[PDB]
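Below is one structure; the comments refer to it alone.
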Amino acid sequence: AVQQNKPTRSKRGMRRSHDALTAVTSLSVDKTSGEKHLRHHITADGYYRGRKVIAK
Amino acid sequence: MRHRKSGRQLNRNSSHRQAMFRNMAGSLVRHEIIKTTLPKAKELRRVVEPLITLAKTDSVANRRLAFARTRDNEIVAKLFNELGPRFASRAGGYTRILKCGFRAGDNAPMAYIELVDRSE
Amino acid sequence: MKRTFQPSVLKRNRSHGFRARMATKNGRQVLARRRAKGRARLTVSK
Amino acid sequence: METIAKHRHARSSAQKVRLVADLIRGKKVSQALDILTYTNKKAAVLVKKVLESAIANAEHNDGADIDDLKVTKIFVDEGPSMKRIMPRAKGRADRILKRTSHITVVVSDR
RNA sequence: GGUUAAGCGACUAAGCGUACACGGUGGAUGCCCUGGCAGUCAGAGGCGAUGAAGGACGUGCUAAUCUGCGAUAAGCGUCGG
RNA sequence: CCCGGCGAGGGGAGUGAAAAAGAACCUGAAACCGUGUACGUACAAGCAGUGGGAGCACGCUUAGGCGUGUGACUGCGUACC
RNA sequence: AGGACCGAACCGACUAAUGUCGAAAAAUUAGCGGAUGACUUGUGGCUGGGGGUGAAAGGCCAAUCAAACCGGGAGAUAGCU
RNA sequence: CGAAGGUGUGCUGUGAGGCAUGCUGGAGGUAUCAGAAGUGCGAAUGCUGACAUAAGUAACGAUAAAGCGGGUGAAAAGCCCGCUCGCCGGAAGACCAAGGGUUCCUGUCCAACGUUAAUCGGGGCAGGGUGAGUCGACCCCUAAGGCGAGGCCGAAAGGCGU
RNA sequence: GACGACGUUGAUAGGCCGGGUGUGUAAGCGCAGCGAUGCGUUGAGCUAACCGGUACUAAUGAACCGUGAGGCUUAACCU
């Protein structure tokens, strides 16, 4: 539970070698509305494969 | 170790779990759409689809059966009285899940459950 | 737990009050040191 | 022509804003707005509210061009601390310091 | 010029190291004074029941606190500058 | 004036000798923290330096080669009080 | 009638758990001993450091007690780090 | 037409150091030779201020419990309403004394505080509200008990007491 | 985190019809009983994850990283 001899800022870096946020670059474009949602999701205006699905 | 089990626990005791899925399914058919998280959406489906299955073949005894599982006759009033000819032909599924997005409250995978036949 | 300061103003007044501490000569020196050490609140006042 | 926007004293920590403002290093703006509109975090609330304020400083003060407009440098650097006192058990305290951070967004056409 | 094999063989760098350029936090150094200590020189060497030292509560154009003052309350009269 | 939540914060403009003097305000070191460029680095172990040293990268002279950065690999080497 | 029985309140702390950088500088869940007495609680007083008080443990005297705490002797003294 | 200080740089001395200079800096510095000391820091589990590390780990404070729709709004698991669900009920209900002293309420705001966000709050800004011949005290009467005119007693204070 | 099965050229999941399984004579009517209840309907009814099928819903066109015949020298075979 304790540290006896403080690790350098070197090894503090290499522990942070894998924290990097996964990119969500894979956007989609609508079939018959042309707008952009996230893939397998709905827009801000209720479109999903060219349908007013939620009408909100 | 879950190997070939089912019915996710959703981090509540069984007594709490069953009593929520009542009052979401009561809430589901009254407003016809709900926003929930993804698993509750994914597992309200496995609970509600018995109801409109056991309400096409209308009987006297099945009224209490959807009252023993519901204890809400106003929801039972919408069943059997509109839902009958609404679902004669759908041999099977009645929910088109929609993956909406992300809860700005606490980063949940939000979603949308509906009955299929929508015109309002 | 029953913590030590279970307060009052009736215990407080007749112990650490003005006329209590400015009764005797041994009390009076405290009132004549809190003066000279320049404290605002002399002993206890409401 | 070059322009810079800064949000000073953003109420978080340096590694919390370093992680999403690592992806938008060396990007164009419209792919950066689209990688920050759908990153589910709090720093993506922070700097995407400021990265759009940087392109405002182009279309208004510097180069109105936004289509082919790059982001050159972006580096979140530390700020002060709100040293409150946290109570730990058995009578002893704990000097918490609520962290605070500064972010620059630098926008130009290299 | 092509072909099989044999030997040898960089640029890759998730991060990390070092030097420079860049700030980031930080508030040390130099500089500054109506702050304070030690004394020289005279003067005083007391205030107090024709109500003290130290305080409370009020007073202005005012919300507050400091200074001053006290139902005549940031001030009255009086003789001067 | 633009952007923002008619927030915070910030970029221009105007004052000003200067806003890398802006109310957290003269000067602003070090620890610590990042940005960029250059080099080394994923078969090598060990007080992390020193002696030697290829290549690469640069300021240059004067084109013969020094200066600075890094430093593969190698010889020794078990911190201070 | 009972310093009588059973058992809540109230009280006390027996056993185990948990906790023991605690939710707490002595607790929480499961039980346990009593519960019209030599009991329990509230409020207002009295006693005082070689002194109080004690169904006596050197227990208690503001989480500290084989002599409390603050200031003053006093910058004690230290053949000792 | 740039003092000290800071920050690099080329030179220089056997070392402690010195001298010239680029940038930053914006008003003070001090030769030569001598005089006096709060005169040179790595340690003392030294003091003080600041910043690392463990670590983005642990934990979020009782294992009474949520779920949905609408609205306000820039953004809503937590705020306001409605609809059910679940928990306390010799209490986790409602009044009072103690003790706290605006903590109650409307408008408004989210920097900070609330172990999170927050339009909400016992938070900040502003205003408002507490109305008694009978309620409690003050007031008339004593207990335990404290002072204590004369007095007794004691180096002095002061102790006991009518 | 990996490995595996599918993504409308679909049985990968949920639903659904049936079967299987488990519990036992559902409810509601009528009869017998003043009544509790017993009988008939009725080995009915209800049935988590099990097995066999059915696309009813959910598993989209893309977008994306990954490229553009692969260095030096010698030998042995192509001519």
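Following the order of the structure tokens, first chain is A, next is B, and so on, with residues numbered from 1 inside each chain and ligands from 1 in the order they appear.
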Extract, using only C-alpha atoms (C1' of nucleotides), all DNA, RNA and protein residues at most 12 Å from residue D:4, discarding same-chain residues fewer than 5 positions from it, and format them as a PDB file with N, CA, C and O atoms (P, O5', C5', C4', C3', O3' and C1' of nucleotides), in the first residue's frame.
ATOM      1  N   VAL D  50     -14.724  26.534 -26.524  1.00  0.00           N
ATOM      2  CA  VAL D  50     -13.715  27.553 -26.756  1.00  0.00           C
ATOM      3  C   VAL D  50     -13.125  27.432 -28.155  1.00  0.00           C
ATOM      4  O   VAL D  50     -12.741  28.440 -28.761  1.00  0.00           O
ATOM      5  N   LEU D  51     -13.079  26.214 -28.716  1.00  0.00           N
ATOM      6  CA  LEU D  51     -12.505  26.044 -30.050  1.00  0.00           C
ATOM      7  C   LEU D  51     -13.378  26.701 -31.106  1.00  0.00           C
ATOM      8  O   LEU D  51     -12.871  27.191 -32.119  1.00  0.00           O
ATOM      9  N   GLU D  52     -14.688  26.736 -30.873  1.00  0.00           N
ATOM     10  CA  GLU D  52     -15.564  27.524 -31.727  1.00  0.00           C
ATOM     11  C   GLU D  52     -15.409  29.013 -31.460  1.00  0.00           C
ATOM     12  O   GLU D  52     -15.794  29.830 -32.301  1.00  0.00           O
ATOM     13  N   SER D  53     -14.886  29.398 -30.297  1.00  0.00           N
ATOM     14  CA  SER D  53     -14.651  30.817 -30.074  1.00  0.00           C
ATOM     15  C   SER D  53     -13.365  31.261 -30.744  1.00  0.00           C
ATOM     16  O   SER D  53     -13.166  32.455 -30.977  1.00  0.00           O
ATOM     17  N   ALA D  54     -12.494  30.314 -31.078  1.00  0.00           N
ATOM     18  CA  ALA D  54     -11.264  30.654 -31.781  1.00  0.00           C
ATOM     19  C   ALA D  54     -11.535  30.964 -33.247  1.00  0.00           C
ATOM     20  O   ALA D  54     -10.933  31.876 -33.822  1.00  0.00           O
ATOM     21  N   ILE D  55     -12.439  30.208 -33.875  1.00  0.00           N
ATOM     22  CA  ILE D  55     -12.737  30.438 -35.284  1.00  0.00           C
ATOM     23  C   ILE D  55     -13.565  31.692 -35.444  1.00  0.00           C
ATOM     24  O   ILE D  55     -13.582  32.311 -36.512  1.00  0.00           O
ATOM     25  N   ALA D  56     -14.260  32.092 -34.383  1.00  0.00           N
ATOM     26  CA  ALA D  56     -14.901  33.394 -34.367  1.00  0.00           C
ATOM     27  C   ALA D  56     -13.854  34.496 -34.440  1.00  0.00           C
ATOM     28  O   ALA D  56     -14.064  35.531 -35.081  1.00  0.00           O
ATOM     29  N   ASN D  57     -12.698  34.259 -33.828  1.00  0.00           N
ATOM     30  CA  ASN D  57     -11.635  35.248 -33.847  1.00  0.00           C
ATOM     31  C   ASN D  57     -10.947  35.282 -35.200  1.00  0.00           C
ATOM     32  O   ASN D  57     -10.194  36.216 -35.494  1.00  0.00           O
ATOM     33  N   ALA D  58     -11.179  34.269 -36.027  1.00  0.00           N
ATOM     34  CA  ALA D  58     -10.740  34.328 -37.418  1.00  0.00           C
ATOM     35  C   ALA D  58     -11.761  35.063 -38.283  1.00  0.00           C
ATOM     36  O   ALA D  58     -11.477  36.141 -38.817  1.00  0.00           O
ATOM     37  N   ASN D  61     -11.845  38.839 -36.540  1.00  0.00           N
ATOM     38  CA  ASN D  61     -10.615  39.665 -36.384  1.00  0.00           C
ATOM     39  C   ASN D  61      -9.554  39.297 -37.426  1.00  0.00           C
ATOM     40  O   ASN D  61      -8.868  40.226 -37.895  1.00  0.00           O
ATOM     41  N   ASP D  62      -9.413  38.014 -37.773  1.00  0.00           N
ATOM     42  CA  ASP D  62      -8.300  37.604 -38.677  1.00  0.00           C
ATOM     43  C   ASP D  62      -8.844  37.108 -40.027  1.00  0.00           C
ATOM     44  O   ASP D  62      -9.475  37.925 -40.729  1.00  0.00           O
ATOM     45  N   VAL D  71      -5.815  23.941 -37.053  1.00  0.00           N
ATOM     46  CA  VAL D  71      -5.431  24.209 -35.674  1.00  0.00           C
ATOM     47  C   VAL D  71      -3.978  23.771 -35.533  1.00  0.00           C
ATOM     48  O   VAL D  71      -3.613  22.627 -35.818  1.00  0.00           O
ATOM     49  N   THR D  72      -3.122  24.728 -35.181  1.00  0.00           N
ATOM     50  CA  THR D  72      -1.692  24.465 -35.129  1.00  0.00           C
ATOM     51  C   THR D  72      -1.291  23.891 -33.782  1.00  0.00           C
ATOM     52  O   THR D  72      -0.854  22.740 -33.680  1.00  0.00           O
ATOM     53  N   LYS D  73      -1.450  24.684 -32.733  1.00  0.00           N
ATOM     54  CA  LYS D  73      -1.043  24.319 -31.394  1.00  0.00           C
ATOM     55  C   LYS D  73      -2.245  24.415 -30.475  1.00  0.00           C
ATOM     56  O   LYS D  73      -3.098  25.285 -30.631  1.00  0.00           O
ATOM     57  N   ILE D  74      -2.325  23.484 -29.533  1.00  0.00           N
ATOM     58  CA  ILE D  74      -3.254  23.600 -28.418  1.00  0.00           C
ATOM     59  C   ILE D  74      -2.645  22.881 -27.228  1.00  0.00           C
ATOM     60  O   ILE D  74      -2.318  21.693 -27.300  1.00  0.00           O
ATOM     61  N   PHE D  75      -2.468  23.601 -26.131  1.00  0.00           N
ATOM     62  CA  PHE D  75      -1.757  23.077 -24.981  1.00  0.00           C
ATOM     63  C   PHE D  75      -2.399  23.607 -23.713  1.00  0.00           C
ATOM     64  O   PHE D  75      -2.394  24.806 -23.446  1.00  0.00           O
ATOM     65  N   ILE D 103      -6.497  26.726 -20.673  1.00  0.00           N
ATOM     66  CA  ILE D 103      -6.375  26.133 -22.000  1.00  0.00           C
ATOM     67  C   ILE D 103      -6.233  27.236 -23.032  1.00  0.00           C
ATOM     68  O   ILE D 103      -7.005  28.198 -23.034  1.00  0.00           O
ATOM     69  N   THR D 104      -5.260  27.089 -23.920  1.00  0.00           N
ATOM     70  CA  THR D 104      -5.186  27.918 -25.107  1.00  0.00           C
ATOM     71  C   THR D 104      -5.618  27.093 -26.309  1.00  0.00           C
ATOM     72  O   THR D 104      -5.400  25.880 -26.348  1.00  0.00           O
ATOM     73  N   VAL D 105      -6.308  27.735 -27.242  1.00  0.00           N
ATOM     74  CA  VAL D 105      -6.577  27.193 -28.570  1.00  0.00           C
ATOM     75  C   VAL D 105      -5.940  28.163 -29.552  1.00  0.00           C
ATOM     76  O   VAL D 105      -6.215  29.368 -29.508  1.00  0.00           O
ATOM     77  N   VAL D 106      -5.070  27.672 -30.425  1.00  0.00           N
ATOM     78  CA  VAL D 106      -4.345  28.535 -31.351  1.00  0.00           C
ATOM     79  C   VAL D 106      -4.721  28.097 -32.760  1.00  0.00           C
ATOM     80  O   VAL D 106      -4.558  26.934 -33.128  1.00  0.00           O
ATOM     81  N   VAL D 107      -5.217  29.040 -33.553  1.00  0.00           N
ATOM     82  CA  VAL D 107      -5.794  28.762 -34.862  1.00  0.00           C
ATOM     83  C   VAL D 107      -5.124  29.646 -35.904  1.00  0.00           C
ATOM     84  O   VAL D 107      -5.104  30.876 -35.768  1.00  0.00           O
ATOM     85  N   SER D 108      -4.576  29.027 -36.945  1.00  0.00           N
ATOM     86  CA  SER D 108      -3.950  29.741 -38.054  1.00  0.00           C
ATOM     87  C   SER D 108      -3.911  28.814 -39.267  1.00  0.00           C
ATOM     88  O   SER D 108      -4.381  27.670 -39.213  1.00  0.00           O
TER      89      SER D 108
ATOM     90  P     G F  10      -9.283  36.400 -19.389  1.00  0.00           P
ATOM     91  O5'   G F  10      -9.332  36.296 -20.982  1.00  0.00           O
ATOM     92  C5'   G F  10      -8.788  35.142 -21.663  1.00  0.00           C
ATOM     93  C4'   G F  10      -9.180  35.127 -23.128  1.00  0.00           C
ATOM     94  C3'   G F  10      -8.808  36.328 -23.987  1.00  0.00           C
ATOM     95  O3'   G F  10      -7.415  36.370 -24.323  1.00  0.00           O
ATOM     96  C1'   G F  10     -10.994  35.636 -24.530  1.00  0.00           C
ATOM     97  P     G F  11      -6.738  37.762 -24.797  1.00  0.00           P
ATOM     98  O5'   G F  11      -7.153  37.877 -26.336  1.00  0.00           O
ATOM     99  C5'   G F  11      -6.843  36.813 -27.266  1.00  0.00           C
ATOM    100  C4'   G F  11      -7.529  37.045 -28.598  1.00  0.00           C
ATOM    101  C3'   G F  11      -7.263  38.385 -29.271  1.00  0.00           C
ATOM    102  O3'   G F  11      -6.006  38.420 -29.952  1.00  0.00           O
ATOM    103  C1'   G F  11      -9.578  37.938 -29.333  1.00  0.00           C
ATOM    104  P     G F  12      -5.280  39.835 -30.220  1.00  0.00           P
ATOM    105  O5'   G F  12      -6.323  40.625 -31.135  1.00  0.00           O
ATOM    106  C5'   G F  12      -6.236  42.060 -31.314  1.00  0.00           C
ATOM    107  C4'   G F  12      -7.401  42.552 -32.152  1.00  0.00           C
ATOM    108  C3'   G F  12      -7.546  44.065 -32.267  1.00  0.00           C
ATOM    109  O3'   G F  12      -6.699  44.605 -33.289  1.00  0.00           O
ATOM    110  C1'   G F  12      -9.645  43.115 -31.730  1.00  0.00           C
TER     111        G F  12
END
Report task. Write out as a ChimeraX atom specification which residues come within 12 Å of stretch 52-57 of chain F when counting only C-alpha atoms (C1' of nucleotides), dropping same-chain ones fewer than 5 positions away. Result -> /F:37-40,68-76
Query raised in the report: Quick one: residues within 12 Å of stretch 37-39 of chain C, only C-alpha atoms (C1' of nucleotides) counted, chain neighbours fewer than 6 positions away excluded, as a VMD selection string?
Result: (chain C and resid 29 to 31) or (chain E and resid 54 to 55)
Just C-alpha atoms (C1' of nucleotides) for this one: save the residues we selected as a PDB file, in the first residue's frame.
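File produced: result-v4.pdb:
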ATOM      1  CA  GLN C  29      -6.359  41.154  37.504  1.00  0.00           C
ATOM      2  CA  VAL C  30      -7.736  39.166  34.585  1.00  0.00           C
ATOM      3  CA  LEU C  31     -10.003  42.074  33.751  1.00  0.00           C
TER       4      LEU C  31
ATOM      5  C1'   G E  54     -11.356  50.099  29.023  1.00  0.00           C
ATOM      6  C1'   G E  55     -16.097  48.941  26.628  1.00  0.00           C
TER       7        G E  55
END
Query raised in the report: Residues at most 7 Å from stretch 12-28 of chain B, counting only C-alpha atoms (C1' of nucleotides), excluding those fewer than 4 positions away in the same chain, as a list in words?
Result: residues 32, 33, 34, 44, 48, 70 and 75 of chain B; 65, 66, 67, 68, 84 and 85 of chain H
Query raised in the report: Mind listing as a PyMOL selection string which residues of chain B are within 8 Å of chain A, counting only C-alpha atoms?
Result: chain B and resi 98-101
Pull N, CA and C atoms from the residues just selected and write them as a JSON list (two decimals), in the first residue's frame.
[["chain", "number", "residue", "atom", "x", "y", "z"],
["B", 98, "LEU", "N", -34.83, 2.24, -30.61],
["B", 98, "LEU", "CA", -34.03, 3.27, -31.25],
["B", 98, "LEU", "C", -32.89, 3.61, -30.31],
["B", 99, "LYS", "N", -31.67, 3.56, -30.80],
["B", 99, "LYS", "CA", -30.53, 4.02, -30.02],
["B", 99, "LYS", "C", -30.50, 5.53, -30.15],
["B", 100, "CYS", "N", -30.90, 6.24, -29.11],
["B", 100, "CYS", "CA", -30.91, 7.69, -29.22],
["B", 100, "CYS", "C", -29.51, 8.26, -29.07],
["B", 101, "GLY", "N", -28.90, 8.10, -27.91],
["B", 101, "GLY", "CA", -27.63, 8.74, -27.69],
["B", 101, "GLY", "C", -27.10, 8.59, -26.28]]
Within 10 Å of chain H: each chain C residue with its shortest pair, only C-alpha atoms (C1' of nucleotides), as CSV:
residue,atom,partner,partner_atom,distance
C:6,CA,H:99,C1',8.8
C:7,CA,H:99,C1',7.0
C:8,CA,H:99,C1',6.8
C:9,CA,H:99,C1',8.9
C:23,CA,H:147,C1',9.7
C:24,CA,H:158,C1',9.9
C:25,CA,H:157,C1',8.5
C:26,CA,H:157,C1',9.3
What are the nearest atom pairs, with distances in Å to one decimal, for all residues of chain I that come at most 10 Å from chain B, using only C-alpha atoms (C1' of nucleotides), set out by chain and rising residue number as JSON lines?
{"residue": "I:14", "atom": "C1'", "partner": "B:46", "partner_atom": "CA", "distance": 6.5}
{"residue": "I:15", "atom": "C1'", "partner": "B:93", "partner_atom": "CA", "distance": 4.4}
{"residue": "I:16", "atom": "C1'", "partner": "B:92", "partner_atom": "CA", "distance": 4.1}
{"residue": "I:17", "atom": "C1'", "partner": "B:91", "partner_atom": "CA", "distance": 8.3}
{"residue": "I:26", "atom": "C1'", "partner": "B:61", "partner_atom": "CA", "distance": 8.8}
{"residue": "I:27", "atom": "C1'", "partner": "B:61", "partner_atom": "CA", "distance": 5.5}
{"residue": "I:28", "atom": "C1'", "partner": "B:61", "partner_atom": "CA", "distance": 7.4}
{"residue": "I:46", "atom": "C1'", "partner": "B:65", "partner_atom": "CA", "distance": 9.9}
{"residue": "I:48", "atom": "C1'", "partner": "B:6", "partner_atom": "CA", "distance": 8.0}
{"residue": "I:49", "atom": "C1'", "partner": "B:5", "partner_atom": "CA", "distance": 5.1}
{"residue": "I:54", "atom": "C1'", "partner": "B:91", "partner_atom": "CA", "distance": 8.8}
{"residue": "I:55", "atom": "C1'", "partner": "B:92", "partner_atom": "CA", "distance": 9.9}
{"residue": "I:56", "atom": "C1'", "partner": "B:93", "partner_atom": "CA", "distance": 4.7}
{"residue": "I:57", "atom": "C1'", "partner": "B:96", "partner_atom": "CA", "distance": 5.0}
{"residue": "I:58", "atom": "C1'", "partner": "B:97", "partner_atom": "CA", "distance": 6.3}
Pick out the residues sitting within 12 Å of residue E:10, and hand them over as a PDB file with N, CA and C atoms (P, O5', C5', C4', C3', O3' and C1' of nucleotides), in the first residue's frame; count only C-alpha atoms (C1' of nucleotides), and ignore anything fewer than 2 positions along from it in its own chain.
ATOM      1  P     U E  12      11.792   7.512 -38.989  1.00  0.00           P
ATOM      2  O5'   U E  12      10.505   6.725 -39.525  1.00  0.00           O
ATOM      3  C5'   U E  12      10.496   5.281 -39.620  1.00  0.00           C
ATOM      4  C4'   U E  12       9.104   4.739 -39.389  1.00  0.00           C
ATOM      5  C3'   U E  12       8.483   5.126 -38.050  1.00  0.00           C
ATOM      6  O3'   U E  12       7.779   6.369 -38.136  1.00  0.00           O
ATOM      7  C1'   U E  12       8.408   2.773 -38.274  1.00  0.00           C
TER       8        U E  12
ATOM      9  P     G I  71      13.696  -4.131 -54.453  1.00  0.00           P
ATOM     10  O5'   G I  71      14.973  -3.311 -53.951  1.00  0.00           O
ATOM     11  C5'   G I  71      15.063  -1.869 -54.095  1.00  0.00           C
ATOM     12  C4'   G I  71      16.211  -1.330 -53.256  1.00  0.00           C
ATOM     13  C3'   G I  71      17.578  -1.959 -53.515  1.00  0.00           C
ATOM     14  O3'   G I  71      18.253  -1.347 -54.619  1.00  0.00           O
ATOM     15  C1'   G I  71      17.142  -1.976 -51.187  1.00  0.00           C
ATOM     16  P     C I  72      19.286  -2.210 -55.513  1.00  0.00           P
ATOM     17  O5'   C I  72      20.555  -2.404 -54.562  1.00  0.00           O
ATOM     18  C5'   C I  72      21.378  -1.288 -54.154  1.00  0.00           C
ATOM     19  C4'   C I  72      22.496  -1.768 -53.249  1.00  0.00           C
ATOM     20  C3'   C I  72      23.376  -2.879 -53.812  1.00  0.00           C
ATOM     21  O3'   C I  72      24.426  -2.380 -54.647  1.00  0.00           O
ATOM     22  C1'   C I  72      22.686  -3.455 -51.625  1.00  0.00           C
TER      23        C I  72
END
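When the distance limit is 12 Å and only C-alpha atoms (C1' of nucleotides) are what count, the residues near residue B:57, minus those fewer than 3 positions from it on the same chain, are residues 51, 52, 53, 54, 60, 61, 62, 63, 79, 80, 81, 83, 84, 85, 87 and 88 of chain B.
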**Report entry** Residues of chain D within 8 Å of chain A, only C-alpha atoms counted, as a count of residues only
**Finding:** 7
Requested in this report: When you get a sec, could you note down which chain I residues fall within 9 Å of chain A, using only C-alpha atoms (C1' of nucleotides), as JSON, numbers by chain?
Outcome: {"I": [60, 61, 62, 63, 64]}
Could you dump the residues just selected with N, CA and C atoms (P, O5', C5', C4', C3', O3' and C1' of nucleotides) as a PDB file, in the first residue's frame?
ATOM      1  P     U I  60     -25.634  -3.528 -39.482  1.00  0.00           P
ATOM      2  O5'   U I  60     -26.534  -3.208 -40.758  1.00  0.00           O
ATOM      3  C5'   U I  60     -25.925  -2.787 -41.999  1.00  0.00           C
ATOM      4  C4'   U I  60     -26.936  -2.096 -42.880  1.00  0.00           C
ATOM      5  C3'   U I  60     -26.351  -1.362 -44.080  1.00  0.00           C
ATOM      6  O3'   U I  60     -26.075  -2.235 -45.175  1.00  0.00           O
ATOM      7  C1'   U I  60     -27.928   0.028 -42.984  1.00  0.00           C
ATOM      8  P     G I  61     -24.765  -1.990 -46.086  1.00  0.00           P
ATOM      9  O5'   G I  61     -25.153  -0.731 -46.988  1.00  0.00           O
ATOM     10  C5'   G I  61     -25.451  -0.874 -48.399  1.00  0.00           C
ATOM     11  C4'   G I  61     -25.012   0.362 -49.158  1.00  0.00           C
ATOM     12  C3'   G I  61     -23.574   0.814 -48.925  1.00  0.00           C
ATOM     13  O3'   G I  61     -22.644   0.043 -49.698  1.00  0.00           O
ATOM     14  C1'   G I  61     -25.022   2.685 -48.784  1.00  0.00           C
ATOM     15  P     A I  62     -21.072   0.057 -49.320  1.00  0.00           P
ATOM     16  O5'   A I  62     -20.542   1.397 -50.018  1.00  0.00           O
ATOM     17  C5'   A I  62     -19.569   2.267 -49.388  1.00  0.00           C
ATOM     18  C4'   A I  62     -20.234   3.559 -48.950  1.00  0.00           C
ATOM     19  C3'   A I  62     -19.317   4.589 -48.300  1.00  0.00           C
ATOM     20  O3'   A I  62     -18.666   5.440 -49.258  1.00  0.00           O
ATOM     21  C1'   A I  62     -21.140   4.185 -46.863  1.00  0.00           C
ATOM     22  P     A I  63     -17.096   5.795 -49.086  1.00  0.00           P
ATOM     23  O5'   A I  63     -16.976   6.362 -47.598  1.00  0.00           O
ATOM     24  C5'   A I  63     -17.272   7.746 -47.294  1.00  0.00           C
ATOM     25  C4'   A I  63     -16.909   8.061 -45.852  1.00  0.00           C
ATOM     26  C3'   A I  63     -15.494   7.700 -45.418  1.00  0.00           C
ATOM     27  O3'   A I  63     -14.500   8.652 -45.815  1.00  0.00           O
ATOM     28  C1'   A I  63     -17.010   6.869 -43.816  1.00  0.00           C
ATOM     29  P     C I  64     -13.036   8.138 -46.278  1.00  0.00           P
ATOM     30  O5'   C I  64     -12.410   7.481 -44.963  1.00  0.00           O
ATOM     31  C5'   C I  64     -12.352   8.210 -43.709  1.00  0.00           C
ATOM     32  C4'   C I  64     -11.954   7.290 -42.571  1.00  0.00           C
ATOM     33  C3'   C I  64     -10.658   6.514 -42.762  1.00  0.00           C
ATOM     34  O3'   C I  64      -9.518   7.314 -42.437  1.00  0.00           O
ATOM     35  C1'   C I  64     -12.343   5.043 -41.998  1.00  0.00           C
TER      36        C I  64
END
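The space separating atom CA of residue D:84 from atom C1' of residue F:23 comes to 24.8 Å.
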For the interface of chain G with chain C (cut-off 9 Å, counting only C-alpha atoms (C1' of nucleotides)), please tabulate each contacting residue of chain G alongside its nearest pair of atoms and their separation in Å to one decimal, rows sorted by chain and increasing number, as a tab-separated table.
residue	atom	partner	partner_atom	distance
G:24	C1'	C:1	CA	9.0
G:44	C1'	C:11	CA	8.9
G:62	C1'	C:4	CA	5.8
Query raised in the report: Distance atom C1' of residue H:91-atom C1' of residue G:42, one decimal place?
Result: 23.1 Å
